[PDB]
Every structure is written in structure tokens, then in C-alpha cells.
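Side-chain atoms are counted along with the backbone in the values below, which use heavy atoms only and exclude waters and symmetry mates. For ligands, and for the atoms within them, numbers begin at 1 and follow the listed sequence. Naming convention: chains lettered A, B, ... in sequence-line order (proteins, then strands); numbering from 1 in each chain.
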Amino acid sequence: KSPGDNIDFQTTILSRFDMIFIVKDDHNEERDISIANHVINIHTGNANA
Amino acid sequence: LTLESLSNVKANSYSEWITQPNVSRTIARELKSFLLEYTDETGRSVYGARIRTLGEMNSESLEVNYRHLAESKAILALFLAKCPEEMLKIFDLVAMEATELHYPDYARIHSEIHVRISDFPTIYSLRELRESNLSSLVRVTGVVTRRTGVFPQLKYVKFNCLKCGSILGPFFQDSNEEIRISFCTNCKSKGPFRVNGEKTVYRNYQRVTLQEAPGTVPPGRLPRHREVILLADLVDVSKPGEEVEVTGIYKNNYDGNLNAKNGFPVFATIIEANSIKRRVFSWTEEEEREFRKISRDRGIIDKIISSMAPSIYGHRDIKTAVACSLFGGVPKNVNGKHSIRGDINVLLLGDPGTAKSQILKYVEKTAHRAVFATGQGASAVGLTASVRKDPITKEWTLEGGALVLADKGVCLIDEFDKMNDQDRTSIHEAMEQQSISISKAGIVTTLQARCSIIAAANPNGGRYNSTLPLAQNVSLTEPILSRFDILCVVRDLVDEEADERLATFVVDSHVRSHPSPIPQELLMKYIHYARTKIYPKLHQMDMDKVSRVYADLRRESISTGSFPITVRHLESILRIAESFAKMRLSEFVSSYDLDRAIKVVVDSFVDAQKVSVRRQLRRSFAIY
Ligand SMILES: Nc1ncnc2c1ncn2[C@@H]1O[C@H](COP(=O)(O)OP(=O)(O)OP(=O)(O)O)[C@@H](O)[C@H]1O
Ligand SMILES: [Mg+2]
Ligand SMILES: [Zn+2]
């Protein structure tokens, strides 16, 4: 489906902006491992040091 | 004179009898004898020990029991009943002298000792009082409806002579009418004179309104009310909404000018107080080693989970969630640039008649800082911040909602699905950013709203639709739902065996009310100590398991075609593991706690899904 009908408002609002960032949650095991490890270290204390 | 001599009054009235010097000296001596010659059953110095504990805390008030004074000396009791005002001055001087006789130089650490009578036979309701009760000792019950602030009252007053600039010495204020001087001893004048505010010593003052308790009022009639005046150590004891017992004196307000005021000559009345009594979470080193002892018994978790709402049948999952959200977790700041909240929110979605309000009531009796607000009803507190006017003082005030007032605690919203747009905006802001913003009447500020939310709601129509997902049964939107950690769905499934036990329990309640368990009192304090001093740890030896668990639950969620799984689920997993660990007053999050936590999130996700997806998942996730 086009980005236009993927938003619940009028499509002329888009012309106002300068950069339009579309982030898609794509499923992939290797990325999942890395992000999970990142989160679990921050909760450990590693990223504080 | 002697004691049996006083009981033959030879004056016009009691008041004129008590003021004669000879009878005052007699009663002062006989009060000294009462103070220093009492003995209990065993014989212990009941007042001796009270006067030595006076020394330690250095208090300015003394407690006396009318029963003992009636036991010993009866004419004194009669005079105390009839003319207490004259008696109490004499009795307060006697107490002060006796105290000095046992603690030298205490006239500096305190300059006057107040007597408060503790017990007294006759107890009145506010509607029984008549004009035969004027200037007499009374004892009443009631409920406190209003309260004022603390104002100072003149005690030792110093005057200025505005011709020779002199400070005239201490003069005493009787609490009846204002005192004025007329003569300067140095310059010999009756000129202007003004009170020296700087050199004066003041007294504490507060006023309260007492209303008949609704329960006792006979059918068809309305509650009556009276006013009470509290002086010195009695200020700020009973907060509005409590039931109290008052011992004091019944007086007339000498209004003003009885001239003018056309109409019948009526007078108004007040009560001047002598004693107030009521009709906690702080702990001590006695109970600390009992805390630690109970903490070493394996399976403290399931004891706590069955000590929660101790009068609703079944519903173990909601009680587990209640315990989790009633203990909490650890807030986090990563070098002052990243914050992860600590509290765990709980939503209840259930059919009519499943006892959600009962659990919400329990949480409020069990918690330290808990507030109640209603979506569609009449409540004493709203959800939106505002600036309004105080009816009593006529002042503008800044008030926050229940969210602001319940910082570092829990907020209880009943009937969560019937909010208006304003309340919904407030809730969203609080849950997302955890701070309330206001721009009204020249005030621009941000307030702190670090609070836990527990809410209850009813589906659309009235019953649960299992053939559609959660987002299509309730009127709340995904932005709000996603900000809750645990979702509980109470379904009224018609099962024949369960009704037997439910009805049995309910009928037993009525039958009994006719005209594992830890005790609640210890649980209340264990909850405060644990949440005050217990900050459990996350040593990362235990990272391998959760990485691979999250990987599997992500790979499965997309394959089955349902809600997405985001890292908020893993954050909830760790934050709940913190609570399960803190239950054991622990020192290093265990793998047992992680495994207990995993069930809650996985079960919530599985049980908030359509029937087909749910059958797929309940088999796929069988290992966790
Ligand atoms: N599982 C249960 N165990 C014990 N009592 C129950 C249970 N379910 C309902 N009750 C009782 O039935 C009544 C239900 O009233 P209550 O207001 O608590 O229900 P509710 O679900 O909060 O109400 P509603 O959703 O209709 O606004 C109460 O007396 C409650 O104690
Ligand atoms: Mg209800
Ligand atoms: Zn003078």
C-alpha cells in the first residue's frame, strides 16, 4: 500500500517537511541477537562504564 | 480547712466558692497530696513514672485519669465537673511545682505544664446539648469535616509607651477578652500604648468543625454540628475525615453588640478542647531480624501471592500481577542521558461481576501512597491539574490531579473506558513522559508524576468477544494499551464446577456476617522496608538464556501473524525479574526469578490473542 494511505491524515501535510524517515521493523535473527545483547548490557551496568 | 469541710458550700455559687483564697490553698495542698501519694494495684507510682518520662521527651502536657480522682477525693471531682475553668489553673500550677521538685531547672526547657483529663463518664451526641450544659465539662463524639491553619495567639504581651519609649513587662492573656493597659510607671501617663510584636510570646491556635457521625442519626433527622478550638500541643492531630472523642468546656460566644440586632436575643456556642483521641509502616530493630528470617524460607513468593486480596475467590494471575506492581523495581539513569522506568502498570479488562473494584479497594488499604479517582462518577479528586479558588480562605491554589498527588506510589482509576478527552490527554502525558505540564493564570511549570497505574474497564457491548483481538473489544487505543506491562482478561466462562465454589464462598459471606497467610500488619511494613533498602542486581552471567528466548518469541510472532513483539516485552521481562528477586530481599537476580517472570509476559501475550492464533501459540510456547 502506498505511503499516502498508510497515514490517517491528509497527504498535503507531507509537503511541509524536509526529511521523511520511514523506519521498518524487519525480522532477522542476527540483528535480534545484537540488539538484545545491547539492551541486556545497559541493564547490567557496562554502558555506564 | 479540711476535705470534708469544703463540701459545705457557703457562697452564692460554686464559682465564688472556688475563688476564695482559703479554699484555693486547701485544694492546692490536697492536689499536691494526690500527685505524690498514688499507688496502683501492685503499687507502682503511676504518676511518678509519667513525670520521669516527662523529662526524657521534655513534654509540656500531663495526662490525668478522672477515675483515680473520683476514687481518692470526690468533692474535687464534683468541682471539676461543674467549674473546670477555675480548677485547671490551680491543677496546672500544682503539676508544674511537682515536676520541678523531681527535675530542677525544667522551668527553662518549658515554662508551663498542661493538664488533660483522660476518662470521663458521660458522653453526649451533638444534638442532645441544651442550655443547662453551659460552662460545664463535656465529652462528645463526631467526625471532622473542616480544618484551619495554625495562627498565633498572644500569651505574654509587652506594650510600648509612645511618649518615653519604654517596654512594659509581661502581662498574661486569659483566652477570654483582650487585655489593655492604662498607666506608664516611669512617665505617669494614660497616653497611646501599642503591643511589641518582637518581644511578645505567642501560642498555637486552630479551629475544627465536628459533625454527627451519619450512622447514629435517628431516621428522618439531619446531622448537627459544632465548633471546637484547640490550643498549643493539640494543633494538627486529627485530619479531616476521621472520628474523634473530645473533652472540653461548653461556652457562649459573647457575639458582639446585642443592641441593634433586632429580633429575638439568641446566642451562639462553641467547645474549647482539653483532649483529643482517635476512636503505621515505621519499623524497628525488633522486626528487622524477623523480616530477614521470613526471607530465608524458600517460597516466600507464593506466600505473598496468597496474602493479597484475602477475600476474592481464585484469580491467581491478577493477584500475582498485583504483588508485582505493589513491590516494583529499580529506576535507572545511564549517565544522566537515558531513563528506564521502574514501576509496572497493570490493566484489568473483565466482564460485569468479577470483583475488580474489590481488588482496587484492597490495594488502597495495603499501600503507603495510593490515590483513588473515578472516570464516570463522583470522586474527591480529578485527573487534570488546575488553578481554582479556596472556598474557605478565598485564595488561589495550584492543585494537581491524582497522578501528581500519588508520586512514588500507585494511582487507581476506576471505570477506565469512560474518560473524556481531557482525562485521556492527562493520562497519556503521565504514562509517556512521567511529568505533568500546566500553563494557566501566569503559572508555567512541570511536575513529577512517577506513579504506578492500575485500571479497570469493561468491553464494548458488555461481554468479551473472543473471535476478535484485544484492540477490537475495548475502546482504548494502541498508544495507551502499549504503555501497560501486564494485561489481565477476566472472562465469564459458564463452567459448572466453578460456580459451585463461587456461590459457596459468597453465601458463606452472608451467613457469617449476620447481626500460608502472612498477617497483613507485617506485610504492610515488609513492603516498605523492601522498597526502601532493596535495590537488587543484574550480574550478566545470565544473559545467554534471554537472548535466545527473545529470538524464538520474535521468530514465532511474525510467522503466526499476530501482534508484533518489540523490545518493550524484554524490558518488562527484566523489570519483573527485578521484583521477583526483591521479594527474597535478594542480592543477585536469580535464574529462578527470571523463569517465574517469563511466564507472566508469555501468558499475557498468548491470552490476549484471537482463538486460532491462541491455539497455535499455546502449543508453540509450551516449554516456557
Ligand atoms: N470472583 C469473585 N469472588 C468473590 N466475590 C466476587 C467475585 N466476582 C464478583 N464478586 C462479588 O460480586 C460483586 C461484584 O461487584 P463489583 O462492583 O466488585 O464488580 P465489578 O466487576 O467491579 O463491577 P462492574 O464491572 O459491573 O462495574 C461484589 O459483591 C463482589 O465481591
Ligand atoms: Mg466497578
Ligand atoms: Zn511613659
So with a 6.0 Å cut-off around [atom1] of [X], is the heavy-atom count from everything else above 12?
| X | atom1 | answer |
| --- | --- | --- |
| B/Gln520 | CD | yes |
| B/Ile623 | CD1 | no |
| B/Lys525 | NZ | yes |

Tell me whether the centres of the aromatic rings in B/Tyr526 and B/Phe291 are closer together than 6.0 Å.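 Under 6.0 Å, so yes.
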
Give a table of atom pairs where an N or O of ligand 1 lies under 3.5 Å from a protein N or O.
| unit_1 | atom_1 | unit_2 | atom_2 | d |
| --- | --- | --- | --- | --- |
| ligand 1 | 3 (N) | B/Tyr313 | N | 3.3 |
| ligand 1 | 8 (N) | B/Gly353 | O | 3.3 |
| ligand 1 | 21 (O) | B/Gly353 | N | 3.2 |
| ligand 1 | 21 (O) | B/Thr354 | N | 3.2 |
| ligand 1 | 21 (O) | B/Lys356 | NZ | 3.0 |
| ligand 1 | 22 (O) | B/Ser357 | N | 3.4 |
| ligand 1 | 25 (O) | B/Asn458 | OD1 | 3.4 |

CA sep, side-chain torsions, deciding dist, call: B/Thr354, B/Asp351, side chain to side chain donor-acceptor pair (under 3.5 Å): CA-CA 6 Å; B/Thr354 63; B/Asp351 278 23; over 6 Å; no

To the nearest 10 degrees, how large is the angle at the Zn ion (ligand 3) between B/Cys161 SG and B/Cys164 SG?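 It rounds to 90°.
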
May I ask you to establish whether B/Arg298 and B/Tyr592 are in a cation-pi arrangement, using a distance under 6.0 Å from NZ or CZ to the six-membered ring centre and at most 45° from the ring axis?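 Yes, B/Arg298 sits over the ring of B/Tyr592.
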
